[PDB]
Amino acid sequence: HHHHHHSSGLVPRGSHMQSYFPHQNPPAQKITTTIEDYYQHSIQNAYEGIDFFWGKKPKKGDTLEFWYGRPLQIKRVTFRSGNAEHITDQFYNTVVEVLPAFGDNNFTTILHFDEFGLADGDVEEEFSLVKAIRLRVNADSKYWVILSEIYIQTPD
Ligand SMILES: CC(=O)N[C@@H]1[C@@H](O)[C@H](O)[C@@H](CO)O[C@H]1O
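Using the authors' numbering, the first residue of the sequence shown is number 392, and each one after it goes up by one.
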């Protein structure tokens, strides 16, 4: 019988900097997460360019997955965590992994969230034609989590 901590008593923001960086990403067949979202800041909204994702504390084993209906060619991946209003709310101890369309029937790590809370890089050619992209959390966090940018950049 846990006591819900009410947070919809709204306050002036601490920072006036941009909270979210939308992109048109390739259409996903399925988007899943095991992380509870907050204040309707859904992972689908973040992927689809509507608003930032805000999740509760990640736990070891949590995933956020983007599945594609046909092999998808990707050039770069960016997941930007935290934002200026919530610099603590990063993905810690989390990988970005891809499931290649052909070549490996399991996910392979392509990026880590760095000391800025950013997982960003060019995708090597062997991982560039994908079935799915996901985040996988390797440890419990003390903090909630924000994704302020998701950009799955194609080579076109
Ligand atoms: C609405 C809000 O302030 N959400 C925060 C979150 O940013 C933070 O990481 C978490 C744990 O300290 O506590 C929540 O209340």
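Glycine residues also receive a C-beta, built at the ideal position from the N, C-alpha and C atoms.
### Task
Tell me whether residue 488 is buried or exposed, calling it buried when 16 or more other Cβ atoms sit within 10 Å of its Cβ.
buried
### Query
At a cut-off of 7 Å, is residue 398 close to ligand 1 when judged by its beta-carbon and the heavy atoms of the ligand?
yes
### Query
Along the chain, which unbroken stretches of the beta strand (DSSP E) at least 3 residues long are found entirely within the stretch 429-484?
444-446, 454-464 and 467-472
### Message
Taking 7 Å as the cut-off, is the C-beta of residue 477 nearer than that to any heavy atom in ligand 1?
### Response
yes
### Task
Would you mind reading off the limits of the beta strand (DSSP E) that contains residue 528?
Run containing residue 528: 520-528, per the beta strand (DSSP E) assignment.
### Query
If you count every other CB in all the chains shown that lies within 10 Å of the CB of residue 411, and 16 or more means buried, which is it?
buried
### Where residue 402 falls, given that 16 or more other Cβ within 10 Å makes a residue buried
exposed
### Task
Run the proximity test for residue 480: is its beta-carbon closer than 7 Å to any non-hydrogen atom belonging to ligand 1?
yes
### Query
Where does residue 515 sit, in a helix, a strand or coil, going by DSSP?
coil
### residue 483: CB within 7 Å of a non-hydrogen atom of ligand 1
no
### Neighbourhood of residue 374 by C-beta, 7 Å cutoff - its chain only, sequence neighbours within 5 removed
Nothing about residue 374 can be read from this structure; the chain reaches only from 392 to 547.
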